[PDB]
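Chains as they are written, first to last, in the authors' numbering: chain E, 2 to 395; chain E', 2 to 395. A prime marks a further copy of an entry chain.
Number of protein chains: 2
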Amino acid sequence: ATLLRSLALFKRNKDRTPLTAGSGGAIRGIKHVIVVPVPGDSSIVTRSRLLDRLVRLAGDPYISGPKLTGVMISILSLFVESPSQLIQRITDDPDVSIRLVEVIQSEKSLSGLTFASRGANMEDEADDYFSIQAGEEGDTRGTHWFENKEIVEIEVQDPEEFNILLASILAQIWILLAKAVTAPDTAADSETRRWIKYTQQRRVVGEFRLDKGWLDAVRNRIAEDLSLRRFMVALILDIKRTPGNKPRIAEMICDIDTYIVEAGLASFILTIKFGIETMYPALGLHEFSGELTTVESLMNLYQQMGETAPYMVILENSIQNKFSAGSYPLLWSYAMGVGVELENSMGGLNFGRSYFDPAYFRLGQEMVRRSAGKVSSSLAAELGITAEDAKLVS
Amino acid sequence: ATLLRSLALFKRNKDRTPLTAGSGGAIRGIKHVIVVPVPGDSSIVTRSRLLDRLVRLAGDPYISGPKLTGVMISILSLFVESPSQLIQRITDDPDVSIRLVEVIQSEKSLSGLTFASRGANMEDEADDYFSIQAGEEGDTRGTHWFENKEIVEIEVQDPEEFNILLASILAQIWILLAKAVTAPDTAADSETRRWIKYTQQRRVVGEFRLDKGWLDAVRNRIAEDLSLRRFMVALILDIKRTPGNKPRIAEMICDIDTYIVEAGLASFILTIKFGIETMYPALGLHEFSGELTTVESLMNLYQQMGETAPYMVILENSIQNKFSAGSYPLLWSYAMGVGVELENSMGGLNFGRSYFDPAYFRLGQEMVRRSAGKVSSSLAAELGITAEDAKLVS
RNA sequence: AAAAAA
RNA sequence: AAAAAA
RNA sequence: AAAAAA
Numbered sequence: 002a003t004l005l006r007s008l009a010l011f012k013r014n015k016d017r018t019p020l021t022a023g024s025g026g027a028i029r030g031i032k033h034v035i036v037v038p039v040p041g042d043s044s045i046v047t048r049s050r051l052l053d054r055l056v057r058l059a060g061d062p063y064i065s066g067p068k069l070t071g072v073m074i075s076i077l078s079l080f081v082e083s084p085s086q087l088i089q090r091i092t093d094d095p096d097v098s099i100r101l102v103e104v105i106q107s108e109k110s111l112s113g114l115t116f117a118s119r120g121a122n123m124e125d126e127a128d129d130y131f132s133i134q135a136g137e138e139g140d141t142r143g144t145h146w147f148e149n150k151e152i153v154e155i156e157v158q159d160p161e162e163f164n165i166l167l168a169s170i171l172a173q174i175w176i177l178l179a180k181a182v183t184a185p186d187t188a189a190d191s192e193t194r195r196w197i198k199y200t201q202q203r204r205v206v207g208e209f210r211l212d213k214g215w216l217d218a219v220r221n222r223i224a225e226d227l228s229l230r231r232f233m234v235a236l237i238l239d240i241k242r243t244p245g246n247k248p249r250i251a252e253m254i255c256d257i258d259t260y261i262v263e264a265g266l267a268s269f270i271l272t273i274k275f276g277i278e279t280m281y282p283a284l285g286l287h288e289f290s291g292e293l294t295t296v297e298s299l300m301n302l303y304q305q306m307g308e309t310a311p312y313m314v315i316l317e318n319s320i321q322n323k324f325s326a327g328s329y330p331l332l333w334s335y336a337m338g339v340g341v342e343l344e345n346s347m348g349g350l351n352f353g354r355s356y357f358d359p360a361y362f363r364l365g366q367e368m369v370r371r372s373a374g375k376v377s378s379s380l381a382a383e384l385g386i387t388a389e390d391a392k393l394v395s
Numbered sequence: 002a003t004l005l006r007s008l009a010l011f012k013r014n015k016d017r018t019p020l021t022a023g024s025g026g027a028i029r030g031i032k033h034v035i036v037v038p039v040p041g042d043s044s045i046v047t048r049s050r051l052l053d054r055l056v057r058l059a060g061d062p063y064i065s066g067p068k069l070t071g072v073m074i075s076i077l078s079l080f081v082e083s084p085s086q087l088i089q090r091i092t093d094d095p096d097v098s099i100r101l102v103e104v105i106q107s108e109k110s111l112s113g114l115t116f117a118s119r120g121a122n123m124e125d126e127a128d129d130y131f132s133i134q135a136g137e138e139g140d141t142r143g144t145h146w147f148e149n150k151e152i153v154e155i156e157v158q159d160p161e162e163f164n165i166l167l168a169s170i171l172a173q174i175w176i177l178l179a180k181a182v183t184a185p186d187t188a189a190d191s192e193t194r195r196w197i198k199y200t201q202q203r204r205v206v207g208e209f210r211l212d213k214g215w216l217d218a219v220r221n222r223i224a225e226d227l228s229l230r231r232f233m234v235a236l237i238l239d240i241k242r243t244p245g246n247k248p249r250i251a252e253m254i255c256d257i258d259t260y261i262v263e264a265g266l267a268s269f270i271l272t273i274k275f276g277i278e279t280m281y282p283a284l285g286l287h288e289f290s291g292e293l294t295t296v297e298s299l300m301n302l303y304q305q306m307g308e309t310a311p312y313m314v315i316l317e318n319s320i321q322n323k324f325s326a327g328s329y330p331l332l333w334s335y336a337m338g339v340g341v342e343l344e345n346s347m348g349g350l351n352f353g354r355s356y357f358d359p360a361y362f363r364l365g366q367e368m369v370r371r372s373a374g375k376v377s378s379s380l381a382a383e384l385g386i387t388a389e390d391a392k393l394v395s
């Protein structure tokens, strides 16, 4: 009797939720100082020029990691008024020190912008940080730019034009997380399709299409360091918690997150869907109860975590390995074999892991092949229908 | 009636949890004085140079045990600011006396470093302790170094480079505990695979790959003395208790521990999994109730212990022998025979102990062979499915 | 960790 | 009092 | 004590 309870209690302790209490002291390593050019004034022309400069610089081959991630962050958190306040309210990681800096307009410089927190006299630093090398030597292809060469600059004065430009750029930057952490290289068609989709959504315009090289560089950078990913996830979590209405860009991001959610938990989501939601006879086998209770505990932990659960892999945190299939390889293989036949979109999904068992795969395949028209018992009793009508084509 | 209760009470006393009360006086033996060069200043170049020197010295054939373990500890607890405070908060063993010492930079010496606690005038001691003999005579192969000979030195100035180097080195040092205490020799492919895995995790780089000789020496040292293992476990326990966020290195370690957990309790974990979680008819036999209650008491003791339970074998403590299979050899053999067929990864797992019973092994094998498609009663009644569908392939 | 998802 | 028990 | 476990 009590054995089952003791066992469940024991299994629950293996996946104890590390909730915030206060224990464990407080450790933190060295944090860099990444510079983030935030536009001081709330104007439109200044923001447009800043974004143009950032894009023109972000696509440079010879660029430092810290500078690149700071540029990306500066690009991201720009639409809100006083981005400094938002960045401060969002930045809560000891990975790096977000060194803010105000920026204003200047009609006496190449880039046309200058830092206000440093001092009005400082102008050379702006030009040195915005434009130094753009493929002048070495690799001339290393520079990136929009696909349309006719657009030499993206500087605009009308509020609407700038708003749509910023929204399109943020969307192009955000859609990368769908596969940045997972299979970054094999994520070109997906992003292309998402862009082709948003374009005919009337929310953006295809004229502001960036070269594939720029996107690839950004994805690589996003994968390399996790400070940017942490900030992006915190921003998405904040936006999702917005009780009231949400601006155009806010809604764009809260929509794009759904592609980002579960970006690496496929082996768990699909597993649950094809081996729990399907209620197949195979689940009753003595060889599946362990995996079943494991997945139960896993999803309990997930729903107990909070709002940062789905993004667990995006933060490349430690708990992501707990949701791997290494603990339920059999059920995972069975579910994948089932999905290969039912979903019919999971053909290009690679799953050739070192703990794959083609036996259960073929098992689920054959079970699905034979059960093409086999009506269940629960639904049959609920509706009262006969199976004679279901096997008419099968 | 009361007999069962008296019996259970008696069995519970055989495995009384030795909790901290105050009784037993206080005994402690002689404790060595191992030197641990801790970098005084929180700079980056000094830490990188110190690590380079330690690695260059750690892979020496003619090196003293105490010096080697002190070097290892110095290497481990370096990422935190003021490692001295952490080492003091963690060091709680009477096995050895952790003799800390501050270190600073010095541009007037071979190694370029000097001790600050001893005195600024002391410089020769630094060179004598960092570099004396590196295979100059005797065995020239005895020296170790990274696999890439082009890397003559790992000294870097950029914070990111040093951080990743330190993280990779700590990961290489930590992954050894997975099999250091248990089958250290047969732990090369596992570590190689873990490294190949972390590399494509974008968290480390393969360029900082160390020779197999260095890893083998470190594993041997870690096995020889238990002060290092005690410190490592205390560090892991501390990190796991961190309520707040965890740095990159902290997360790396809290992930790597999962390979370290249960490193020697396989005969218990697998036993529970294959003879309790599986709910086979064999468990109802009169010849298994004793083992069942034994394992119940064992896991009760485990869950009552605390956070240092799984690492019980890593500390080579006395309680590890209580969880051995010597008290439940039958159930252990049955479970191993079952796992040999179900898991299908437990082929290379050696279990040829002096209390093996091939009878129950063949028994569980045959039971699993015959029960390849035999649906249980509990799950069948919960779902209501018939067994006709389960024996379609079997 | 690997597909799809106005 | 009589074996085994990392 | 002995395997596997993004």
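Beta carbons are placed, not taken as given, at the ideal position from N, Cα and C, and that holds for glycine.
Residues near residue i by beta carbon distance below 8 Å, same chain, minus five either side
i: residue 366 (chain E); result: 338, 339, 341, 342
i: residue 155 (chain E'); result: 49, 52, 53, 56, 147, 166, 209
i: residue 316 (chain E); result: 227, 230, 231, 234, 309
i: residue 394 (chain E'); result: 374
Contact with chain E' by residue i, beta-carbon distance below 9 Å
i: residue 125 (chain E); result: no
i: residue 294 (chain E); result: yes
i: residue 107 (chain E); result: no
i: residue 94 (chain E); result: yes
i: residue 351 (chain E); result: no
i: residue 179 (chain E); result: no
i: residue 392 (chain E); result: no
i: residue 318 (chain E); result: yes
Same chain only: Cβ atoms within 6 Å of residue i, ignoring 5 sequence neighbours per side
i: residue 185 (chain E); result: 220, 224
i: residue 65 (chain E'); result: none
Test: residue i CB closer than 9 Å to a CB of chain E
i: residue 251 (chain E'); result: yes
i: residue 329 (chain E'); result: no
i: residue 172 (chain E'); result: no
i: residue 202 (chain E'); result: yes
i: residue 164 (chain E'); result: yes
i: residue 16 (chain E'); result: no
i: residue 76 (chain E'); result: no
i: residue 190 (chain E'); result: no
Anticipated Cβ contact below 8 Å, residue i with residue j, distance rounded
i: residue 236 (chain E); j: residue 78 (chain E); result: 7 Å
i: residue 261 (chain E'); j: residue 170 (chain E'); result: Wrong, their Cβ atoms sit about 17 Å apart, outside the cutoff.
i: residue 228 (chain E); j: residue 97 (chain E); result: 5 Å
i: residue 182 (chain E); j: residue 310 (chain E); result: With a Cβ gap of about 15 Å, residue 182 (chain E) and residue 310 (chain E) do not count as contacting.
i: residue 215 (chain E'); j: residue 145 (chain E'); result: 4 Å
i: residue 314 (chain E); j: residue 305 (chain E); result: Not confirmed; about 18 Å, so no contact.
i: residue 368 (chain E); j: residue 281 (chain E); result: 6 Å
i: residue 188 (chain E); j: residue 179 (chain E); result: 7 Å
Nonlocal neighbours in the same chain, by C-beta distance under 7 Å from residue i, ignoring five residues either side
i: residue 404 (chain E'); result: Residue 404 (chain E') lies beyond the range of chain E' shown here (2 to 395); nothing can be said about it.
i: residue 32 (chain E'); result: 95, 96, 97, 98
i: residue 117 (chain E'); result: 41, 103, 104, 105
i: residue 67 (chain E); result: 33, 35
Member of the options whose CA lies at the smallest distance from the CA of residue i
i: residue 164 (chain E); options: E:334, E:110, E:253; result: E:253
i: residue 43 (chain E); options: E:300, E:274, E:103, E:242; result: E:103
i: residue 45 (chain E); options: E:83, E:121, E:376; result: E:83
i: residue 190 (chain E'); options: E':201, E':23, E':217, E':91; result: E':217
i: residue 127 (chain E'); options: E':112, E':22, E':335; result: E':112
i: residue 47 (chain E'); options: E':302, E':248, E':158; result: E':158
i: residue 172 (chain E'); options: E':249, E':137, E':100; result: E':249
i: residue 279 (chain E); options: E:336, E:175, E:12, E:390; result: E:336
key: Residues within the segment 21 to 54 of chain E neighbouring chain E', beta-carbon criterion of under 8 Å   = 21, 22, 23, 24, 25, 26, 27, 28, 29, 30, 31, 33
task = For the segment 209 to 224 of chain E, enumerate the residues whose C-beta is nearer than 8 Å to any C-beta of chain E', in chain order.
result = 224
Short-range partners of chain E found in the segment 366 to 382 of chain E', where Cβ spacing is below 8 Å = 372, 374, 375, 376, 377, 380, 381
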